[PDB]
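Just one chain follows, in the form deposited in one PDB entry, and it is written as structure tokens.
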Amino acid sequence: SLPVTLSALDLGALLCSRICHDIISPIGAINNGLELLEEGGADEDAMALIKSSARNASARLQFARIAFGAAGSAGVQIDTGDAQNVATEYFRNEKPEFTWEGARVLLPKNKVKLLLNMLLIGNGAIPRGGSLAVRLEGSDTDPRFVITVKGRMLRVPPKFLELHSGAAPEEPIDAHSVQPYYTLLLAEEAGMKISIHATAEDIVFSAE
């Protein structure tokens, strides 16, 4: 169970800090690219930066709409096919090879918010790249989520391991560690436990 509890003012402020940070990066890169065109010399290089950053701003906005922004009762259900679409588009410009396996089902919103948030933990697990494989098991009424990571560098993101294990962090939560915290908080609210198993070849994050 979670070793620290963030007030509503704190969770809200940190979550927004995190979204702004992640979407500002491509948006800022876009403006930089536009500034380079009001000069000259790098016109084809600038345009390519503008185009990919725009595609990425959009992918990050779509992902955040569901992973952070979705709201309403557990009756507002979400289709994992929609999760797979925003996830696949998010991961185009991320480092790992991203694959998705499992039949489309409708789950309560908090379960799919969990799922997308675990992908971020997964992405942090293999910071120099590798593969991130999603597998949806079970039924719509008790699903199991399996995120399997492989890569040359391979870890559990330290703040995530710390919070998952019940130890109260030396450092205070910030817009970085808020996402692992948020992930654990979603899992409690959704009635699922996250598990972390390591082998020689991979790490498996699972929830059920």
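Shifts are known only where both forms have a C-alpha. Whichever C-alpha set is largest while still superposing within 1.5 Å between the two forms counts as the rigid core. In case it trips you up, residue 1 is the first one in the sequence shown, and so on.
The same protein also exists as the form deposited in another entry; that form is not shown, yet it is the one meant from here on.
When the rigid core of both forms is overlaid, which of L154, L34, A42, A54 is the one whose C-alpha moves 2 angstroms or more between the shown form and the other one?
The only residue crossing the 2 Å threshold is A42.
Do you see a C-alpha shift of 2 Å or more at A103 between the shown form and the other one, with the core held fixed?
Stays below the 2 Å threshold, so no.
Given a CA distance change of at least 3 Å, are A71 and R65 closer or farther in that other deposited form?
Result: closer.
Compare the CA separation of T80 and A71 in that other deposited form with the one in the displayed structure, and answer closer or farther (the difference is at least 3 Å).
It is closer: the C-alpha separation of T80 and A71 falls by at least 3 Å in that other deposited form.
In sequence order, what stretches of at least three consecutive residues shift by 2 Å or more at the Cα level between the shown form and the other one, with the rigid core held as reference?
When the rigid core is held fixed, residues 40 to 48, 71 to 76 are the runs that shift.
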